[PDB]
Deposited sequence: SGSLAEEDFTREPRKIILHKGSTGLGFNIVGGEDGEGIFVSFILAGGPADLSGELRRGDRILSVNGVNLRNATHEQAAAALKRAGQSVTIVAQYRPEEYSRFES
């Protein structure tokens, strides 16, 4: 992913959601994918990656979201349209 263009990713929830964990939104630093559950929707789609920043969900800007705002958006969303962008340098503040 040399351009680091954001990607539009369509996921459909199963019985236990989209199948990833979010980290961040503690201090204006944005919302990142920390964990992708094996055999959940996000995993099986293949598109989302650890260290993706979540830029938007169903048209809502999460760039400046708090953890709690992002959780609310993501939890309340069926067919969910995510815009994600690979940001390994920013993610390195979370995990080396």
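Trainee: Ranges lacking C-alpha coordinates, please, mapped onto the deposited sequence and listed in sequence order.
Mentor: Seq positions lacking coordinates: 1 to 7, 85.
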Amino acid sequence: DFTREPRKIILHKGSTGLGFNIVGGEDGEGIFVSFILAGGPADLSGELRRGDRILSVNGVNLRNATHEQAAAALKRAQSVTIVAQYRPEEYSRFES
From here on, numbers count along this sequence of modelled residues.
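Trainee: So which stretch wins on mean C-alpha B-factor, 36 to 44 or 51 to 59?
Mentor: The stretch with the larger average C-alpha B-factor is 51 to 59.
Trainee: Hey, which bit's got the bigger mean C-alpha B factor in the entry, 83 to 91 or 9 to 17?
Mentor: Comparing 83 to 91 with 9 to 17, the higher mean C-alpha B-factor belongs to 9 to 17.
Trainee: Going by the recorded CA B-factors, say which third of the chain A72 sits in, lowest, middle or highest.
Mentor: Middle third by C-alpha B-factor.
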